[PDB]
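A.B. asks: First portion of the complex, with coordinates as positioned in the assembly:
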Amino acid sequence: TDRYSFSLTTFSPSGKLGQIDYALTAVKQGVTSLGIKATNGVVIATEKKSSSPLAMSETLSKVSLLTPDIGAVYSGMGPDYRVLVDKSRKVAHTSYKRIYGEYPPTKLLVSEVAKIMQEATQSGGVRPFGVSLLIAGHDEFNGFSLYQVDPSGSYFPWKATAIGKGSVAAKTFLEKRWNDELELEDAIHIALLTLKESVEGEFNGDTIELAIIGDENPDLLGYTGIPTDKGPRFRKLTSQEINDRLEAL
Amino acid sequence: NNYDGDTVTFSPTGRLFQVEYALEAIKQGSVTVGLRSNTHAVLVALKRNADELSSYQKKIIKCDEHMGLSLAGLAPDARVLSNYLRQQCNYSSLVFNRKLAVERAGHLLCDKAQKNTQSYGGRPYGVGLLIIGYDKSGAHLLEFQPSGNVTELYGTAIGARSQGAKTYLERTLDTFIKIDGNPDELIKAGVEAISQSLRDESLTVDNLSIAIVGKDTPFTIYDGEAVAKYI
Amino acid sequence: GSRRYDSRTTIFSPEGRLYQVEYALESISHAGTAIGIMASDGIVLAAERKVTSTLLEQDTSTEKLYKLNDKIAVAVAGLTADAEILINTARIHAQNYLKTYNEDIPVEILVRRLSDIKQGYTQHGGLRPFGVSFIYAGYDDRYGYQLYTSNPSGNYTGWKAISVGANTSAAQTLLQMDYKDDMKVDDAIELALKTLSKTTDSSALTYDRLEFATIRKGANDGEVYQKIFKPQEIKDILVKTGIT
Amino acid sequence: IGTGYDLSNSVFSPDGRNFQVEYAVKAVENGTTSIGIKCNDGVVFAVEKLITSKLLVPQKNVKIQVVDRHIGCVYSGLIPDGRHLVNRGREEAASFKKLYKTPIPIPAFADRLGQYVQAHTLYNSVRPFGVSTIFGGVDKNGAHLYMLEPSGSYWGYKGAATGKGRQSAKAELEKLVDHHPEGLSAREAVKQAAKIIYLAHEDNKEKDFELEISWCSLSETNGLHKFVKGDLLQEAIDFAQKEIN
Amino acid sequence: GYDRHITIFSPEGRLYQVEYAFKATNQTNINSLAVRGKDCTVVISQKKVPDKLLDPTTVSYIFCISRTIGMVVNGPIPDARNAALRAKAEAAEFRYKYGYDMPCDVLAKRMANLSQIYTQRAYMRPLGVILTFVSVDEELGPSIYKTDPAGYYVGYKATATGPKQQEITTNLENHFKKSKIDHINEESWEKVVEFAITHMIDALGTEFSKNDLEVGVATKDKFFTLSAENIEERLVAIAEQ
Amino acid sequence: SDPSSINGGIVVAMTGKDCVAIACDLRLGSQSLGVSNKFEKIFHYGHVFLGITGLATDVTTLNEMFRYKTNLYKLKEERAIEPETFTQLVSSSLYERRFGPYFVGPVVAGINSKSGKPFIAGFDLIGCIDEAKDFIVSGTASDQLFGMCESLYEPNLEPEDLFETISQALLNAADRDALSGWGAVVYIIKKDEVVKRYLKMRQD
Amino acid sequence: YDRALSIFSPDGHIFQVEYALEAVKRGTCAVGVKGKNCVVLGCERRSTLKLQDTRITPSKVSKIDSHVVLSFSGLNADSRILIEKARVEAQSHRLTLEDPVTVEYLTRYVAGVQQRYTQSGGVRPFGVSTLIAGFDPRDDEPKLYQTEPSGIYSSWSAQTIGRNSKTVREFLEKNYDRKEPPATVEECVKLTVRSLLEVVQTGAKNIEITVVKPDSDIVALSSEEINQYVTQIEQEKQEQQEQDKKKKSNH
């Protein structure tokens, strides 16, 4: 069985933990992903890639819904993203939703996912997660809000940011295109456009996944007749929709 | 290299080296010779003291009123097994009204030794026991290896310089089985046998320890003035 | 085997010294400055962030000032991830003491408790230590203001003015030179920005790399109010002391 | 690159092979030879049991132990470790018989022991098995026969062998299904189980041996695992002596 | 120092150990080819019998998991029986607690997590097997989900596995590039098996016998494997092609 | 006897337009004997007001329980908790000890800072959220309270109409009940300003 | 975690004990001298570190009982953990077996805390050496003991542990009589101050003096007391020098 009860994340002699740095290496191999926080939405975009063209990417989720207000997008390992999306869903409901009756604020859920990162540097027999997530979301008290969770286990709030293999180019392009006021239609127009200087394969709506956490929908709620509840502010855009807006760049 | 300090790792020559090293624990122990017939089994043990003022180390351990074990390995390791044999002897009597069979008692023994040779931090027991006993199948002599392998024998020996005793018994094999109803002689043929393992160690009233089991005798250990009529 | 692969983080060296403890303090010098100055009317806590960017939001980042309880705040130096685990343990430990004795936790008690958890990992279990060092700004009725630094080893020693994190040597000596016991919070603010101006690892002492907070006795009704300043009030006070 | 790949067994060497588990096969080679003929009627096991000296007692020691009441399990390699794999399935079968109230199928049993021997190759805290077992019997799905490598791999078989004389045994069973294309009863098959052990004692012609033969057959013992003994056995021995002369 | 012997990250950000699992899924040397029909899903595999003594019936690599979901395994047969066992246990467990039969989508995710967890603890060896799960869903149509030793999975139009799989993948690629549809069109399932065998005869450069094949088909609500007698019948229909 | 009538206690709560008011008595008895005429049953975490009736000791236990939970809410998310969010936490804490529960009956009363709506809610022993926009009454003179409160009350009241109604409602049940009365405190909770007004009333 | 981190060595030691003894050397020195009616435990407080508020700071001497005090040298993070277990056992003794602890029980207990950790895995021994002194209750004889990282204890009539231990102890051997201790409490303080001013020197900030008397009197002397006594020893020292100087000329 088990017979490991000692960490394999250890400090180096000149300081700095060796393992949390290596794990951050595996992230910059992966795909390029971005998130731009506007005044009325957050838009996130990522690029979809497959083993082969016989593999579908329409049955693979590189954007996930954690709660009806807070979505996720990654650059890094697919497998690590999978488990870390599920454990977040489970802790979102069990360590706040039952007790407080509503879904967690964006900040509050971010804070929780950061301790899971922490327990894979700390505790024996485990190695760190190898994804950096952007967790974009909306809560009633921080407005719209963008965070970047990393393998280190620390998070930083952003105004717009990039992670992946194109990260350095992306953020130099994003510096010049972030404006104080950004409308939701303008925000989509920067995010597709940034991702396009970080694509060298196919460019189609079936290879570019885009999701808005715009403003609310009373048409994906599944019911009507309670005016308290206003549906998902998260709304992933199908391939066709994204594709119209590629022809309008 | 590190195949030799890990009990969980093979060994490109197909061994484990730890059980082997553990088999060398028996060679540095003292000598004992067992021989059995169809009505009586005998253990004839050479005790061995450290210096002149030291006592002599008991080498026949009473396991029951009809079962006895004798060590020839290392003494501390033998104290874990002696209890274990006693425990399964009282459990067999208690539950099933059965004076625990000798042959089945070997099979229990195997699996206690095996499960620590499979497991890390564990070790094979360094002791190797010769186990006598009298059940309804008659008398038996078992040789228990540190391997956990048990074998059934007309007479054998283990310890230091054990090979010479095996020879005395390989010859005299067809004499003592046809001795039956005369424990006196059965005891006499093992005295001559352990005398071939000496090297000027002699046998006195403080060195010799014999224990027998019968169809008309329980378990008895002779020592002191009771082995002085069999020098 | 599993014995092979064990690091052994909880052994003494031949010198008598704990490898992981020496390294933990070493890595906290990569992390940003943190300063605390204890006045005789409050405590000023002022810290320079370990990272800044031009795309980063600089107005809700918290990686230096965190409230453990109502009347006790920390300044952070180490990795923030490490600090976040202990910060929710301290917040609990404080909140428990209030629960059972119906009085708010003394500063001495809460600080010895944090050091004991840290000590524990270097003492037993084979787990890395947390590389964090806190300066505690805190108030109690018992001795009034107390300033304290604890280290990853798990020992606390009182201070009048102290610095942990980046350029430790530079800040501490300068602090001794300007220290008087006649300072009040107005003065204590001014010296804390002035020492940071000398340790600054950038072009000038800019608002967007500062977190800044105080605990004041000039606050109303004869009771401590902890004020964690916004960056729009830091930008205001940065003109007041005349640096910019 | 690196150094090792033989210190632990939940490493994988780069080739795509294991170690330790790859080395454990050499351990089973040091054993004696043991055969199984799957007959139409049942199965007939036989095992070469070495007699080192005349110090040991003949026909009093066994490498054929019963599991359940209708399954022979007969093994080669390191004998205490092989007895631990037999011990394990006595536990397993008794639980199944409690739970589902039927004699445990041979195909069920084959899955069960397989998972356990696989299971020790997935941790570094325990040692890989260094024995191979050849087991089978008669249940109601017909006669079946299996060999289980210490690798955790098992297959169907209609003839098996393992140990030193696995080259001559494997080849002489090839001859045995090619003599008889419509198969043979278990009563005759006692006599071939003796012949090919004596031929696999020419790999051990520095030693002398006592032959144990056992059978589980539907209609010679009513589907129940027993030992072959007495007058029927002495006839199998005589056939085998003539065959090697 | 050690990092190619346990499951911690290397300087490069890669897990060499996880990389060896993909070079250990080819030791069987067996090729498989799996295609989606209109209402049927077909998987064909090679099956070899090394000796006389071995019986082919038992030699298998197509293991029935649910009662609708089969799983075709490339790579070593210990890691195949363990992977079959867990997957099977889960399939039952889902029925018990949510009261319908397991979606393939979810068993592919489910096993992906468990695969991952073995690369995420140091002691536990990950399983060197590529599992291809074939089904006909009742909500999600005909599907193929393929897991692999990382604990990744993705859906497929069609897929192939084994060592000689490069050749096979390209043949498959041409058929759907030419057609411009994501699945084979034909309602009778008998013929989707036929199409499949031809594409394997051309790709591997060989004709076949009934014993060299072992063919599994999932129709609606059931999984079966075809007997070897029936497989000869599939082989005659290639002379009618 | 009854585990929630062995020291008595009552809480009344009413809404008005743009205001709420809550009020409790100050009686702690041990059965027949009066021990104290100055034990509170209302507490305040932030600008939310939680009145707790029922067994003596569980009023106090439960006050320090929510004192613990309110601190951690405020610290993480950097605001005072809202009335509506809090009501859900009052429900869960009762339900966790589903068997052998806390033998209380709290009343949540606030005015939301994010919408400006009066909002009130109630609980039994096990705790079922009882919506209202009228008033919620709880305790051992609650049978009397439910009749008395309804009769005077006109849907919506001014901030100081509301002081005259909820004061009379509380007095008249409390002097027809034996385990209630004995000095009482009435609160008027406006937007940002709470006044605590003790009441002159019958001590006998 | 159960791995052996204490492994018998072929030198006939344990490397983790010898190394911890070394951990102790690096400490700041504590000196223990016992009178006939007092114990006096003084400790070195570093004077490198400056703007060190000491109103709130933990003393290098910690009272366990109202009459049994402990001081410590070596690692100062580890020291508080032993103090924590020792405080709890003292009040358990009062609870179940009655009566306040003896000096001898408390010492014997502390010896058992480090001893246990010496032969348990998954830990390493503490690197703290203790001087435990105080009076037994219903007696008025000074008791001064030292425990060491091994988990062994010995009583002494003066002792020193920590840095520069050899230089002090060498002094204490030659300025004390074990048959007749210092006559009074004052003489006993003046001898501990004289020892600290050897190795430690550097002002009078470093010197702390705790005096425990029988009948549960722990008093700790403030800076003004220390200073009176420091001045007398510096003058006396100067005066001697001068009278040696006259004698040399004379010869």
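C.D. replies: Good, I have the coordinates. Numbering: from 1, shown residues only, chains lettered A, B, ... in the order given.
A.B. asks: who's whichever residue of chain D sits closest to chain E bridged to?
C.D. replies: Here the residue of chain D nearest chain E is residue D:156; by CB to the nearest CB that distance is 2.9 Å. (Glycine included, C-beta is placed from N, CA and C.) Beta bridges link residue D:156 to residue D:146, judged by DSSP bridges.
A.B. asks: just the strands in chain A please.
C.D. replies: Counting by DSSP state E, one finds strands in chain A at the ranges A:33-37, A:42-47, A:63-67, A:70-76, A:131-139, A:143-149, A:155-157, A:160-163, A:208-212, A:235-237.
A.B. asks: what's the offset of the second one from the middle of its chain?
C.D. replies: In terms of CA atoms, centre = their mean, to the nearest Å, the centre of strand A:42-47 is found 8 Å from the chain centre.
A.B. asks: how about the strands of chain A in CSV, adding mean neighbour count and distance to residue D:24?
C.D. replies: As requested, those are exported to CSV (neighbours: other CB atoms under 10 Å in any protein chain shown; distance: least, CB to CB, whole Å):
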stretch, mean neighbour count, distance to residue D:24
strand A:33-37, 27, 47
strand A:42-47, 25, 47
strand A:63-67, 21, 44
strand A:70-76, 26, 38
strand A:131-139, 25, 38
strand A:143-149, 21, 45
strand A:155-157, 22, 49
strand A:160-163, 26, 46
strand A:208-212, 23, 48
strand A:235-237, 20, 52
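A.B. asks: of these, which approaches chain B most closely?
C.D. replies: The nearest among those, by CB to the nearest CB, is strand A:131-139 at 34.3 Å.
A.B. asks: now the sequence for chain H, which goes on the structure above:
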Amino acid sequence: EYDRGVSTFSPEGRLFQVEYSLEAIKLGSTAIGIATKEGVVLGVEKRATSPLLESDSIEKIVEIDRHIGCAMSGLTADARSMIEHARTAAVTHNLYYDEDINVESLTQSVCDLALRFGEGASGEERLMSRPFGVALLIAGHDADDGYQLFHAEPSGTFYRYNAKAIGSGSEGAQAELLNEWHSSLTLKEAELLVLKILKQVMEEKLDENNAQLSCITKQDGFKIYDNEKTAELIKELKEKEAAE
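C.D. replies: Below, chain H sits with the chains from the block before:
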């Protein structure tokens, strides 16, 4: 050789850690023991390291119970854990059968505790991580065999000795014993016989502030002798060697 485990071997084939423990017996200070038919004398060098030392708080003779004594040499903190069990065992037996425990049965029970090293093995709990490094001379008197004196090893094996020494000067001590021991010693000649051997293997002066005697006689149970009586006895050794 191999010390990368505690249940590691050794092509020799013996416990390697146990082999290392026996050599930590020769760093103790000598304990001598003479068993006769009038009683058993246990004498010990206490050792004086300083004349600041209080030497009488250092004891190497300890009472287990009224008719059994023990002498330890080696690491006396290890002897704390083992002497503790002895005290508990002997008392347990006097509850459970209300009778004297055999010296043999007592000795034997203590061998079982030492063999409990390990990382986890056997049908029992290994609760140490390294073996004891202390040897015992369990003396005593039981009503079966009379006076008996046993040597309990850190191996876990016990031999009954007429006379044994353990310690630094063990080796040279035992040489004198082979010739000078006989069964016609009187009790008070045994006391002088201990101090004769103790003076020879002494690394200091022979005196009464670094030597202690103890007896077990039936007539007064186990009594550990006063320092005044030890002085008289040290000088009476000194009279009979000058009658030469």
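A.B. asks: Around chain B, pick out the residues from chain H.
C.D. replies: For chain H, the residues found near chain B under the criterion CB under 8 Å from any CB of the partner chain are H:2, H:4-5, H:7-15, H:111-112, H:115, H:118-124, H:126, H:155-157, H:159-164, H:174, H:177-178, H:181.
A.B. asks: rerun that using 6 Å as the cut-off
C.D. replies: Listed as neighbours of chain B in chain H under the rule CB under 6 Å from any CB of the partner chain: H:2, H:4-5, H:7-11, H:13, H:115, H:119-121, H:156-157, H:159-163, H:178.
A.B. asks: among the residues you listed, which ones are buried?
C.D. replies: Neighbour counting with 16 or more other CB atoms under 10 Å in any protein chain shown marks H:5, H:7-10, H:13, H:115, H:119, H:121, H:156-157, H:159-163 as buried within those.
A.B. asks: Pick the one among those closest to chain C.
C.D. replies: Nearest to chain C out of those is residue H:5 (CB to the nearest CB; 6.4 Å).
A.B. asks: Contacts only, for that closest one.
C.D. replies: Contacts for residue H:5 (CB atoms under 6 Å, 6 or more residues apart in numbering or on different chains) come out as residue B:5.
A.B. asks: That one - that's part of a helix, no?
C.D. replies: No - Residue H:5 sits outside any helix when classified using DSSP: H, G, I helix; E, B strand; the rest coil, being coil.
A.B. asks: and the longest helix for chain F?
C.D. replies: helix F:56-77 (DSSP state H).
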